[PDB]
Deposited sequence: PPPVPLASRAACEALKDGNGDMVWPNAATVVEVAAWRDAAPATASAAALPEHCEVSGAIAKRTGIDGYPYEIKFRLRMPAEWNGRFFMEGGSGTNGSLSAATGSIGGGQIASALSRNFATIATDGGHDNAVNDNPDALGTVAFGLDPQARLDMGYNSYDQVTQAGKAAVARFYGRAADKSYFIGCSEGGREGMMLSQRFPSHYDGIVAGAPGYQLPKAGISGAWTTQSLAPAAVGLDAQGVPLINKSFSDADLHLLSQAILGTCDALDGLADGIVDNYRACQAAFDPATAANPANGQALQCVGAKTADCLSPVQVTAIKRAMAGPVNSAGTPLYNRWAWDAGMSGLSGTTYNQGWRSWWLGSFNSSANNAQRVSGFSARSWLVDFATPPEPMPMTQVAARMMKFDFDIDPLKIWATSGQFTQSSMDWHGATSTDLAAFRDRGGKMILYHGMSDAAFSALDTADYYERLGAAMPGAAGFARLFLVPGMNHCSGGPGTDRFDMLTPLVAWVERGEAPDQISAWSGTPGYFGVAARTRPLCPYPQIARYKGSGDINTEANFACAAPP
């Protein structure tokens, strides 16, 4: 160790030291003065910023690969270590101040944690191959797949903790990981594959079966095509034209008409999501505004949905099956956040995934021609299937559910692990994690069109069965109305870090988590706060008082 004061500029610059991975190169080790708050970020304390890369190499596609990291260690340190999760197919290196999600302004660094981030083992500015669908092109390299699946977060966690020990002269007392989406998958993977890396984990909207997302995507694309109107430049139906924003709002209003009050309170929120799934069928549901059937009896009017539309969304929500009827992913919850109107602005946060923007002459859904479909083809199918960007939608339209779904379990050539092997995080063996004191908070918006909230619930049910008493270390918070990680007519904003630290360090399990709406105009109000309830509980109004105030609600079993 350098004979210099700990936690100082001197100790920072001396990191540019033996690393757990001999192939670690530090490119930056710089002292940063305290930064004031901005409109979008809390103030950052004085700190050491360390950035570099691990395992620089050349892939079998001829491209350069490395695991980049950025670490920030505050001079005034609370003894805790924090890693933030990724997003999408990763490939970018964030500012690494420790995002906590939930629409929060504060970062973990602003709360005096040491914080770290990674790009997951590839770089969107370098591994952008125009012959292999752009920034998903890292899928052409077998090791870059393993790095994306698990290896990068492992290497960066070890490197960050080694830097922390050198800079401060002691290890962190407790370590925390927070991620949403791909980041939620990472958090579940860590609890399963690397249980001693983190003591507290928050996994939001976790893509723990991400290789199956493109299977759902082909299925929702083919389900919706009969309701499409018009064609894109490649002659493929415009899936975005299958439902206007007004059409989706009608569907959302019919869901509310059937389902809103099944929790006891008409408030634009379906808290009793299980009762909703048992009750709602758009082929038989009424439009509550006039009592007529939601499904048109004759020609299409602005107050009804065509039979073709109703068949299409019903099929899409049912989930993919093979020709023998076996489910290949899961079903999706009917929920009011499939739409929403705030002022004159329709919610886009559900429809962007399977349909895309209505006002476009091209397909732009994530699952039709977008990043999710591209990622399935190049990253999760084995062997990879690179192709022109203009062929992706056609490939989804021609997807064969007896043949193509098998490719996420296959190996081939140098791809010696399947994508479900390296990217899936489906194990419920959390004994090692639980026994060392680990705590996990899962959350998921009911109107998430990327990953099914009901599939997260099914994982949690399997966890509870495998490990009796699981609510002692792992709880799931479902959020009615919320879309993918944020947005929608629900209480989508919350501070998950504060209850996580309370659970890990004071044993105080979260019996509720306070939340508020980022867009309370969806309900025509200035603010709405509600408790998030641990599965299977839901929020129950006490029977009087302002329905927009959390104090008038409690968590309870459904009616």
In sequence order, the deposited-sequence ranges that have no modelled C-alpha atom: 17 to 21
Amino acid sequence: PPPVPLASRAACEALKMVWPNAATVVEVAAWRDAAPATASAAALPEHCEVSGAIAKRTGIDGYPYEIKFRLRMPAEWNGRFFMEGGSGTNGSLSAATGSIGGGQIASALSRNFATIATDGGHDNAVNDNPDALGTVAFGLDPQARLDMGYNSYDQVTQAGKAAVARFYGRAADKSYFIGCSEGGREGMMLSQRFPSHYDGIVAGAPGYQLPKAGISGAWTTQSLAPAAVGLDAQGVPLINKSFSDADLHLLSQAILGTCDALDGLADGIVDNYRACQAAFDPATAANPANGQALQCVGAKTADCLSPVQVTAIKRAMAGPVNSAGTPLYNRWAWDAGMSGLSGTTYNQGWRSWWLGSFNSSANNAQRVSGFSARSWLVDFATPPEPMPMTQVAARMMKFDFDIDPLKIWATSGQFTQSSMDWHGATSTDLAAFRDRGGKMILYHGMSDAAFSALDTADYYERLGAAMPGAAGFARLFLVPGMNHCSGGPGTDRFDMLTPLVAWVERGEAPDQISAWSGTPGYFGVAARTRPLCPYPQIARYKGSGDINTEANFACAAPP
From here on, numbers count along this sequence of modelled residues.
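The term rigid core refers to the maximal set of C-alpha atoms that superpose within 1.5 Å between the two forms.
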Core superposition done, the stretch whose Cα atoms deviate more in 7 other deposited structures of this protein, picking from 437 to 445 and 226 to 234, is 226 to 234
Top-deviation stretch by C-alpha RMS in 7 other deposited structures of this protein (rigid core reference), from 289 to 297, 200 to 208, is 289 to 297
Give the stretch, out of 392 to 400 and 98 to 106, with the larger mean C-alpha temperature factor in the deposited entry. 392 to 400
Mean Cα B-factor check, 484 to 492 vs 379 to 387, entry values; winner is 379 to 387
Among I178, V310, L133, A159 - the residue whose C-alpha B-factor is largest in the record: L133
Select one of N272, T220, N330, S342: the residue whose C-alpha shows the highest B-factor in the crystal structure entry. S342
State the tercile, meaning the lowest, middle or highest third, of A465 with respect to the CA B-factors recorded for its chain. highest
Looking at the entry's B-factor column for C-alpha atoms only, identify whether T118 ranks in the lowest, middle or highest third of its chain. middle
Could you tell me which third, lowest, middle or highest, the C-alpha B-factor of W409 occupies within its chain? highest
Could you place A34 in the lowest, middle or highest third of its chain by Cα temperature factor, using the values in the record? middle
How does the C-alpha B factor of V26 compare with the rest of the chain: lowest, middle or highest third? highest
